[PDB]
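Proteins get letters first, then strands, A, B, ... in listed order; numbering begins at 1 in each. Just so you know, ligand 1 is whichever comes first in the structure, and atom 1 is the first atom listed for that ligand. Every heavy atom of this structure was used, including side-chain atoms; hydrogens, water molecules and symmetry mates were not.
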Amino acid sequence: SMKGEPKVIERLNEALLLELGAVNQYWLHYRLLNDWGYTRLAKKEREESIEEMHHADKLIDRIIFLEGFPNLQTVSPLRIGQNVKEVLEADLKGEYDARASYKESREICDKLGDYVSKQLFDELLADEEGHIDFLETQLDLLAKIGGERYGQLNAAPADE
Amino acid sequence: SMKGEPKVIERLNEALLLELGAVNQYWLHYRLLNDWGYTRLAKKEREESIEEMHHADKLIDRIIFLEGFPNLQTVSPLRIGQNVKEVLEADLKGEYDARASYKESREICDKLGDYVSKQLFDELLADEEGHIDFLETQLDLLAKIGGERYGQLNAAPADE
Amino acid sequence: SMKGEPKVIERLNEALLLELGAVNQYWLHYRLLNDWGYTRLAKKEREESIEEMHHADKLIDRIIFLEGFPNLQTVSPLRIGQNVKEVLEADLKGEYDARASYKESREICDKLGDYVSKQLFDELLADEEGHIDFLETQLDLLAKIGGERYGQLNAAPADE
Amino acid sequence: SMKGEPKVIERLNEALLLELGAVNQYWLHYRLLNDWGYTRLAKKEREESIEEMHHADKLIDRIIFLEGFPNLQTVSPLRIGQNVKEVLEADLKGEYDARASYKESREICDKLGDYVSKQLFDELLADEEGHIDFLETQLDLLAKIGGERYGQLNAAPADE
Amino acid sequence: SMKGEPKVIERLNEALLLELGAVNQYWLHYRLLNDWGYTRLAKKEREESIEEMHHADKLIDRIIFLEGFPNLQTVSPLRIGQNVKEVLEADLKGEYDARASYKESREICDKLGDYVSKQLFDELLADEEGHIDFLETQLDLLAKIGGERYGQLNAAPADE
Amino acid sequence: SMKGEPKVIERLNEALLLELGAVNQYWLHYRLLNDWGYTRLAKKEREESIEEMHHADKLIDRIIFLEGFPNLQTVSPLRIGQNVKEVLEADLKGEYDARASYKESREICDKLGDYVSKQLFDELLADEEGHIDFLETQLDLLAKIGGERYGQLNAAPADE
Amino acid sequence: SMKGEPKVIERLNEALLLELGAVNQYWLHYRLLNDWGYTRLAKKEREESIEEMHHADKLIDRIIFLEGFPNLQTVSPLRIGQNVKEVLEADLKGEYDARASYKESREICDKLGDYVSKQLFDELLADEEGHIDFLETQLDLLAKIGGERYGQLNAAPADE
Ligand code: HEM
Ligand code: HEM
Ligand code: HEM
């Protein structure tokens, strides 16, 4: 039998809650950024949302294989920025929360002997550190050239 | 100024809550159906989820244009089936809920003079009646040929 | 002069009345079958309707050439099935009615010396016996594998 | 449940009766025009018939979705012209009848809250006013250049 | 042995005499029409001549197969028009003569049991009624728009 | 008869007056922007002018169909900016004027039962709210990054 | 019901018996001709066999449609030639037998009112007179140039 560990399912569900939160956060940021004129940042944000959708699908699939029930009924609390730098910082804070949850989860899976699930958390963890490297670089850039120049760089002219 | 009616924003947010619910419901049904072997139904269910994602994006965009704040923080309650016919019925019940909310909303927008928003609700309404025609036909079919033959029809052989 | 025999025009008009009936019957059966889930049978039924449309056009053209007036004002009485086997049987009964009317009509044209019109009825007659061979085979099949398996065979999975 | 309003089904059936009438009228006009030599007008008339066939299919589909029974058993009374200008006028009179029936029907659907059906009648209404603009222009042309020149314009030379 | 009925050969030869007449009539009409400026009618007339050439070849072939001798030595009397409407009427009169000869001939072949020859006369008969429908339509057109407009329609401008 | 309501024609003419105004305003803004160096904004402005030309053509066509006379003799008063932000604001003010006129007009058409014209005003209304969303986003951008950076973003380098 | 006339089925079976005979005769002639070196005649003979196979399939299909049982258990007596001219004459004798049986059969079908079957016999009859024209021409040729030259003409050189 393939019935998984209850503590393992719990961690996948906890990870799923964060991923659904991040999907919604990134998508709302995409629409707000677009409304503010920052069409190029907006596009990156849409892609980040779609990437997290793919993660959530992977977690769902692993939960059902372990004969657990995935919880899509509730969403982890959203951080909504009100200008460009706040959007980047709200996202980064979310990715650190995610990193820390995935770090704890791979250790729990490891101790309980569920090594395929550990491997899933390890892949999520390397992902989030990817997103974290990206966001921290953008924020350094914003700080070195200033918000208004970072805004201009990430906006399109009116004929696009 | 384009600041919208507060009652109108409320209806768009209420519609958004149902759409996020339906996205999650349809996607979970897709994964459960796949796990049970019904790969062809599963695929239709994935597409229904993606279609509702597009609706939710449209509502979000309209809320932000009216200078409201879209609520993605909470999800309307999910109906999760445990066999094929329950999946179809849970979906249909959700689409009737949606129809009724969109019918009320186009009337509120109409009375308040926000005719572009009325037109959005009218397009959602014709959509949901599309999904409702589809689901009711499948359920009639299931009833006339029986669940196990409806299951067989909607499953793939092992080499696909 | 090409003014045709009054009895000949009468038979073409009588044939036209049956063809308009069959066009409507087959088309309504197409839509009902589709609503019930039998999309593959439905498609064959649409094509049968379109074929009878072509026959009706041929009769109309022959009536006008003989300087008669084609009657499109009334439609011969329709047989509407309420399940798959009734649809097939209602169609077959209509095709036998048609066969018998065309058999009588080619004899009347023959006796009156209008051999081009005889040839039109002969072509319609061979057609209807084509449709009759098709319907009788389907009904034998339905009887040997059972209605619910005949229904399943003639339905599409949900992703089509 | 999706069971529709009885008054709404009645209007769709009334519209269907007019559309079947117009299909037959336009098709008979096509064949008569061709017999008289007006092959170019004839072709436009064939296309108008086929367009109304598509409308009738849409009404049928909406009736069956509302769980009514579409009546294809009877055809609304035909107006058959005996020269070019009479053909155009008989058609135009039919399109005004249609316009008026669709105008009443969208109001009935609107009052009863069946807004998807209202939207169908609104699309038919804009269609018929399209056909009406076309016919009225042709008739003005006929009047300004004279019937025999309008006939010549709408006929082909003998090698086509 | 395949030696045919003497009465049957006689009818094929009688039909051949009419076809050779019609070949010559149509070809002369083609050249006269061209000389008068009616290049488009002229072209249709050339094709009608070539079609009758094909018929004459078919009759010749059937006569020789029945071990008769086809008579190409004499031509049935020609009707030569002197203006457009006379050309059309001379042709039509010839096609009615042909129709009547082919109608009698298929009956003679039928009574004598030569059913392949009957079938040849039946195909010629349906042909001639084709040509008759065409000519009668053109003549109706000529009458409704007038000879000079029918002439103009069937002429080319000077640069063609 | 298709003679339209006098009050309806009046609204179409009033809408036409605003559209001709906007065509001229947008085109003059295009040329002024180009002269000032803002070639990318200039291009968007040319396209906005051409879009309003298409609207004016639609109104003209509807007026003539209703047997009214479209007034192209006078142009609604123009708002001409003298720097980038004034150009955007003059345009936006014009689009709000337009929105409000189209909102009133669809209500008048609705009350008078001219539903095809209502549908035209509804399509114009959704258009103008499109243009309004675009302009308001650009102006927010201008305000957040500053006029001179918004100018730089919307200008081309000297080799283009 | 489509149950056919017993006398009609009998004629189709009688025709089928002749066709199976001719299939076997022509195929054996093909192989014997090839063995004797007459590879070009041999090829024509193979095609004649395959054509008669197609006829036999048509008769079989018509018998089963009329709810008779086709008799493939016995073969009509074969005529086997022992040189080229005997092969051609044996074939021709078989085709005359066939012609005569099909002539009688179309009359029986005609008297009994089975006109689709009459039409099948009429098509077979015109076929056989085709084969008869071909064979009689070849035999005339053989007689005019002599057997050994007819043999040489219908043989291939050794490198083919
Ligand atoms: C359980 C939650 C969700 C799941 C499992 C999910 C899953 C997916 C997947 C697998 C894709 C395919 C992307 C691709 O084509 O590579 C996708 C695309 C997309 N998603 Fe989600 N998603 C979720 C939530 C949302 C939400 C809340 C929205 C809000 C609008 C959304 C909007 C979209 C859109 C617009 C697309 C792509 C449309 C296009 O490419 O044209 N999704 N989603
Ligand atoms: C006098 C009665 C009718 C005549 C003469 C007629 C004739 C025709 C003809 C010649 C075609 C062309 C088919 C092709 O493309 O090969 C056609 C197609 C069609 N007919 Fe009819 N028809 C009649 C009645 C109807 C009715 C009652 C309906 C009901 C909806 C209908 C619906 C259609 C449709 C949907 C098509 C083809 C559309 C497509 O291919 O996308 N027709 N008809
Ligand atoms: C200041 C006044 C106007 C200016 C400067 C202007 C300028 C232009 C230009 C440069 C074009 C490009 C044509 C091409 O593609 O070669 C154009 C096209 C066009 N204009 Fe105007 N125009 C003016 C007034 C109008 C008006 C009053 C109308 C009324 C409807 C109109 C309708 C159109 C349309 C429909 C097109 C082309 C659309 C197509 O090609 O599909 N214009 N105009």
More than 12 heavy atoms of other residues, nucleotides or ligands under 6.0 Å from NZ of B:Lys43: yes or no? no
Of all the heavy-atom pairs spanning C:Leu20 and C:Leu72, show the shortest one and how long it is. CD1-CA, 3.9 Å
How far is atom 41 (O) of ligand 3 from the closest protein heavy atom, and which atom is that? F:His54 CE1, 3.6 Å
Do me a favour and list the nearest non-hydrogen protein atom to atom 40 (O) of ligand 2 with residue, atom name and distance? C:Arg46 NH1, 4.2 Å
Hey, is atom 7 (C) of ligand 3 under 4.0 Å from any protein heavy atom? yes
Could you list which atoms of ligand 2 come closer than 4.0 Å to a heavy atom of D:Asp57? 30 (C)
Show the atoms of ligand 2 that are less than 4.0 angstrom away from any heavy atom in C:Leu72. 1 (C)
Minimal non-hydrogen separation, F:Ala98 against F:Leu18, with atom names: CA-CD1, 4.3 Å
What residues form a side chain to side chain contact (heavy atoms under 4.5 Å, CB included) with B:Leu17, not counting sequence neighbours? B:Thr74, B:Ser76
Of all residues at least two apart in sequence or in a different chain, which pass the side chain to side chain donor-acceptor pair (under 3.5 Å) check with F:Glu128? none
Is atom 15 (O) of ligand 1 touching the protein, meaning some protein heavy atom lies under 4.0 Å away? no
Between F:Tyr26 and F:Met53, is any pair of side-chain heavy atoms under 4.5 Å apart? no
Restricting to distances shorter than 2.8 Å, give the number of protein N, O or S atoms close to atom 21 (Fe) of ligand 2. 2
Verify the contact flag for atom 38 (C) of ligand 3, where contact means a protein heavy atom under 4.0 Å away. yes
Measuring to protein heavy atoms, does anything land under 4.0 Å from atom 12 (C) of ligand 3? no
Can you see whether A:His131 engages A:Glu51 through a side-chain donor-acceptor pair at a distance of less than 3.5 angstrom? yes
From the options D:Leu28, C:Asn24, C:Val75, select the one whose nearest heavy atom is closest to atom 27 (C) of ligand 2. C:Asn24
Is there a protein heavy atom less than 4.0 Å away from atom 31 (C) of ligand 2? yes
Identify the protein heavy atom lying closest to atom 10 (C) of ligand 3, giving its residue, its atom name and the separation to 0.1 Å. F:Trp27 CH2, 3.4 Å
Taking only residues two or more places apart in sequence or in another chain, which ones pass salt bridge (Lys or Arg N to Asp or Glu O under 4.0 Å) with B:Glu14? B:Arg11
For ligand 3, is any non-hydrogen atom under 4.0 Å from F:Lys58's backbone (N, CA, C, O), its side chain (CB onward), both, or neither? neither
Correct closest heavy-atom pair for C:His29 and C:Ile80 would be NE2-CA, 3.6 Å
Of all heavy-atom pairs between D:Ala15 and D:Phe121, which one has the smallest distance, and what is that distance? CB-CE2, 3.9 Å
Using the rule given for side chain to side chain contact (heavy atoms under 4.5 Å, CB included), can you reason through F:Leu16 versus F:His55, listing the C-alpha separation, both sets of side-chain angles and the distance that settles it, and then say yes or no? CA-CA 8 Å; F:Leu16 175 60; F:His55 296 164; over 6 Å; no
For A:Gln73 and B:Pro77, which heavy atoms make the closest approach, and how far apart are they? OE1-CA, 3.2 Å
Are any non-hydrogen protein atoms located under 4.0 Å from atom 24 (C) of ligand 1? yes
Quick look: D:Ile60 vs ligand 2, heavy-atom contacts under 4.0 Å, and the answer is neither
For A:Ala22 against A:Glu52, the heavy-atom pair lying closest together: CB-CG, 4.1 Å
